[PDB]
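One structure below.
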Amino acid sequence: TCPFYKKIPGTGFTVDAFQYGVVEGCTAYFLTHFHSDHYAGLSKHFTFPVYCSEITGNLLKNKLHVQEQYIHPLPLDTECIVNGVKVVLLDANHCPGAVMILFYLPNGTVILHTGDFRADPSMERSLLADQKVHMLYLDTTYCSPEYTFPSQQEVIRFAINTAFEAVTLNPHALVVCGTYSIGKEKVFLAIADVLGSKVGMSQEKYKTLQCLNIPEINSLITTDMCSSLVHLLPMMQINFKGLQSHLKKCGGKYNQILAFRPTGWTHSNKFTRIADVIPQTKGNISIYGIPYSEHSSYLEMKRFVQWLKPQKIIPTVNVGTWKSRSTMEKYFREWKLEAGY
Ligand code: NI
């Protein structure tokens, strides 16, 4: 059955709760973003109203084949009424079309659901600042002090300079970027832009990108792999064997590969700076691991919560074991005692 952390008290709403069949009492199902864990269970067979951003609706329509009659896209940063209740969608700074939802309950309680998010100080000058928020449903993916990472911009700068140097030294090098869902598109778009190239990719991946309301998209991407010097492949193929194999498929048009694996955190965040990063190499193939995160670091999460001063926090990630919940509760109490709320 649908957990309490996916229910919004004193409405018939749920959030990211598509895997439990019909939820008793639910009149509107919200979807924060198009990642499979959050959409799990949605298909052409779903017949209840879904509320989401415009980008998330394009994906539902075109990739999942959800029938149009059940898709209710809402604009961002706009007060809207849904089944008699005031709501606002805000940019979550996660993947394309990802939202946080602000719910103004009839009794005067205010609830923020973050969805998946990467907390940023620009969120401190949104509609959130206009009133008190009583309850917070929080993306706790990286809620532990070891989880540090560079800014998105530091990582992109490094990627840009690395790629530019490699292709200027060898104009027959190919650049490959690994991918498994939406998100982290700036990695491959910024590399292509510095090399004067479109990004080449499979038909399924191109169809995904065509849904994302990216300006001038037709000038940036193509299905003609031949004509392009940056290619996208599934993350699982980003290894020496997969990459040599791909290089044989391209028709001797390239004689070297430089590949990037955008990952989350892995244990080597605790020493290395981005400027120290060096690749793994075997022969004419090099692979760089780059920690481009679309989740809050510990420090970004803590700052956001200490600013917001919620009366209660409800975790949405790592809630499956008592040890994790206990550890998280400890950090929330520290934050509260330091900041005086
Ligand atoms: Ni996500």
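As shown in the structure tokens, the chain order sets the letters A, B, ...; within each chain, residues go from 1, and ligands are also counted from 1 in the order they appear.
For segment 231-241 of chain A, the list of residues within 8 Å, based on only C-alpha atoms and with local chain neighbours fewer than 4 positions off taken out, reads residues 174, 175, 176, 177, 178, 179, 180, 188, 199, 200, 201, 202, 225, 245, 259, 260, 261, 282, 285 and 287 of chain A.
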For the residues selected in the previous step, produce a file with N, CA, C and O atoms as a short mmCIF file (atom, residue, chain, number, x, y, z; two decimals), in the first residue's frame.
```
data_model
loop_
_atom_site.label_atom_id
_atom_site.label_comp_id
_atom_site.auth_asym_id
_atom_site.auth_seq_id
_atom_site.Cartn_x
_atom_site.Cartn_y
_atom_site.Cartn_z
N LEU A 174 37.17 10.79 -31.79
CA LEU A 174 35.77 10.87 -31.45
C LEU A 174 35.59 11.10 -29.96
O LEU A 174 36.29 10.48 -29.14
N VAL A 175 34.63 11.95 -29.61
CA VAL A 175 34.20 12.09 -28.19
C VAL A 175 32.90 11.33 -27.96
O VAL A 175 32.00 11.48 -28.74
N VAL A 176 32.84 10.53 -26.90
CA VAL A 176 31.64 9.79 -26.49
C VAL A 176 31.19 10.20 -25.09
O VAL A 176 32.02 10.30 -24.18
N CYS A 177 29.89 10.42 -24.90
CA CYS A 177 29.35 10.68 -23.58
C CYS A 177 28.31 9.61 -23.23
O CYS A 177 27.39 9.36 -24.00
N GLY A 178 28.45 8.99 -22.06
CA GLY A 178 27.50 7.95 -21.59
C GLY A 178 26.26 8.61 -21.02
O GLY A 178 26.36 9.73 -20.51
N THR A 179 25.12 7.90 -21.08
CA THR A 179 23.79 8.40 -20.61
C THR A 179 22.83 7.21 -20.27
O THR A 179 22.89 6.22 -20.95
N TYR A 180 21.92 7.31 -19.27
CA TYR A 180 20.80 6.27 -19.07
C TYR A 180 19.34 6.74 -18.85
O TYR A 180 18.45 5.92 -18.66
N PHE A 188 27.06 16.89 -22.67
CA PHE A 188 27.25 16.66 -24.12
C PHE A 188 26.97 17.86 -25.03
O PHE A 188 27.65 18.02 -26.08
N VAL A 199 25.41 16.73 -31.82
CA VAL A 199 25.50 15.46 -31.06
C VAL A 199 24.72 14.38 -31.85
O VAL A 199 23.56 14.55 -32.16
N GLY A 200 25.40 13.28 -32.14
CA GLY A 200 24.81 12.10 -32.77
C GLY A 200 24.29 11.09 -31.75
O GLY A 200 24.91 10.87 -30.71
N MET A 201 23.15 10.47 -32.04
CA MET A 201 22.56 9.50 -31.10
C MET A 201 21.55 8.58 -31.78
O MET A 201 21.18 8.81 -32.97
N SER A 202 21.13 7.54 -31.04
CA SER A 202 20.12 6.59 -31.54
C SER A 202 18.77 7.32 -31.76
O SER A 202 18.55 8.47 -31.27
N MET A 225 24.96 9.58 -37.23
CA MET A 225 26.23 9.36 -36.48
C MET A 225 27.47 9.74 -37.29
O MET A 225 28.45 10.25 -36.73
N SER A 245 34.66 -1.65 -29.80
CA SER A 245 33.58 -2.23 -30.61
C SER A 245 32.87 -1.11 -31.39
O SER A 245 32.74 -1.20 -32.61
N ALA A 259 36.20 9.38 -23.80
CA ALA A 259 34.81 9.15 -23.30
C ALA A 259 34.63 9.73 -21.90
O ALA A 259 35.59 9.83 -21.11
N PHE A 260 33.42 10.24 -21.64
CA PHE A 260 33.08 10.71 -20.33
C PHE A 260 31.96 9.89 -19.73
O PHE A 260 30.99 9.62 -20.42
N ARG A 261 32.12 9.50 -18.45
CA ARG A 261 31.10 8.85 -17.62
C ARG A 261 30.67 9.85 -16.54
O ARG A 261 31.36 10.03 -15.49
N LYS A 282 43.60 2.74 -22.00
CA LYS A 282 44.09 1.48 -22.62
C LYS A 282 44.18 1.72 -24.12
O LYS A 282 43.16 1.82 -24.81
N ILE A 285 42.15 4.60 -26.38
CA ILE A 285 40.87 4.93 -25.70
C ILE A 285 41.10 5.43 -24.28
O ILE A 285 41.74 4.75 -23.49
N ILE A 287 39.12 7.13 -20.70
CA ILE A 287 37.81 7.30 -20.05
C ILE A 287 37.96 8.19 -18.80
O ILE A 287 38.74 7.88 -17.91
#
```
Subject >> Selection within 8 Å of ligand 1 by only C-alpha atoms and all ligand atoms, output as JSON, numbers by chain >> reply: {"A": [33, 34, 35, 37, 38, 94, 95, 115, 116, 117]}
Subject >> Secondary structure check, strand (DSSP E or B) residues of segment 95-311 of chain A, as a PyMOL selection string >> reply: chain A and resi 99-104+110-113+135-138+173-179+199-200+221-222+230-234+256-263+280-282+285-291
Filtering to C-alpha atoms, could you give me those residues as a PDB file, in the first residue's frame?
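Final file, part_28.pdb:
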```
ATOM      1  CA  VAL A  99       9.489  20.286 -10.248  1.00  0.00           C
ATOM      2  CA  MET A 100       9.025  20.940  -6.540  1.00  0.00           C
ATOM      3  CA  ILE A 101       5.337  21.437  -5.598  1.00  0.00           C
ATOM      4  CA  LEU A 102       4.016  23.974  -3.032  1.00  0.00           C
ATOM      5  CA  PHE A 103       0.558  23.018  -1.622  1.00  0.00           C
ATOM      6  CA  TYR A 104      -1.540  25.642   0.255  1.00  0.00           C
ATOM      7  CA  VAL A 110       1.744  25.172   3.699  1.00  0.00           C
ATOM      8  CA  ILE A 111       3.671  22.062   2.413  1.00  0.00           C
ATOM      9  CA  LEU A 112       6.711  21.910   0.117  1.00  0.00           C
ATOM     10  CA  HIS A 113       7.463  18.609  -1.725  1.00  0.00           C
ATOM     11  CA  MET A 135       6.112  20.746   6.401  1.00  0.00           C
ATOM     12  CA  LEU A 136       8.854  19.650   4.008  1.00  0.00           C
ATOM     13  CA  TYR A 137       9.018  16.424   2.022  1.00  0.00           C
ATOM     14  CA  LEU A 138      12.782  16.258   1.321  1.00  0.00           C
ATOM     15  CA  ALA A 173      39.361  11.592 -32.379  1.00  0.00           C
ATOM     16  CA  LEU A 174      35.766  10.874 -31.449  1.00  0.00           C
ATOM     17  CA  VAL A 175      34.198  12.095 -28.187  1.00  0.00           C
ATOM     18  CA  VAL A 176      31.641   9.788 -26.490  1.00  0.00           C
ATOM     19  CA  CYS A 177      29.353  10.681 -23.577  1.00  0.00           C
ATOM     20  CA  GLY A 178      27.502   7.951 -21.593  1.00  0.00           C
ATOM     21  CA  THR A 179      23.787   8.396 -20.610  1.00  0.00           C
ATOM     22  CA  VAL A 199      25.500  15.463 -31.060  1.00  0.00           C
ATOM     23  CA  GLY A 200      24.807  12.100 -32.767  1.00  0.00           C
ATOM     24  CA  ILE A 221      21.354  17.039 -32.354  1.00  0.00           C
ATOM     25  CA  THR A 222      21.080  14.452 -35.188  1.00  0.00           C
ATOM     26  CA  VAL A 230      30.288  13.753 -30.348  1.00  0.00           C
ATOM     27  CA  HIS A 231      28.223  10.555 -29.894  1.00  0.00           C
ATOM     28  CA  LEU A 232      25.875   9.437 -27.066  1.00  0.00           C
ATOM     29  CA  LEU A 233      25.840   5.783 -26.011  1.00  0.00           C
ATOM     30  CA  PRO A 234      24.230   3.907 -23.079  1.00  0.00           C
ATOM     31  CA  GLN A 256      40.805   7.359 -31.121  1.00  0.00           C
ATOM     32  CA  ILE A 257      38.107   7.763 -28.425  1.00  0.00           C
ATOM     33  CA  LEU A 258      37.843  10.087 -25.428  1.00  0.00           C
ATOM     34  CA  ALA A 259      34.814   9.154 -23.298  1.00  0.00           C
ATOM     35  CA  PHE A 260      33.076  10.712 -20.330  1.00  0.00           C
ATOM     36  CA  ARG A 261      31.096   8.854 -17.617  1.00  0.00           C
ATOM     37  CA  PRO A 262      28.979  11.377 -15.702  1.00  0.00           C
ATOM     38  CA  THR A 263      28.296   9.675 -12.376  1.00  0.00           C
ATOM     39  CA  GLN A 280      41.918   5.609 -17.279  1.00  0.00           C
ATOM     40  CA  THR A 281      43.716   4.680 -20.525  1.00  0.00           C
ATOM     41  CA  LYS A 282      44.089   1.479 -22.622  1.00  0.00           C
ATOM     42  CA  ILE A 285      40.872   4.932 -25.705  1.00  0.00           C
ATOM     43  CA  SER A 286      40.686   7.180 -22.615  1.00  0.00           C
ATOM     44  CA  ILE A 287      37.811   7.298 -20.053  1.00  0.00           C
ATOM     45  CA  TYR A 288      37.211  10.189 -17.653  1.00  0.00           C
ATOM     46  CA  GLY A 289      34.972   9.843 -14.574  1.00  0.00           C
ATOM     47  CA  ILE A 290      33.292  13.243 -13.829  1.00  0.00           C
ATOM     48  CA  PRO A 291      31.086  13.857 -10.816  1.00  0.00           C
TER      49      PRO A 291
END
```
Original post:
Within 9 Å of segment 320-331 of chain A, counting only C-alpha atoms, which residues qualify if same-chain residues fewer than 2 places away don't, as a ChimeraX atom specification?
Top reply: /A:140,143-144,302,313,315,317-318,333-336
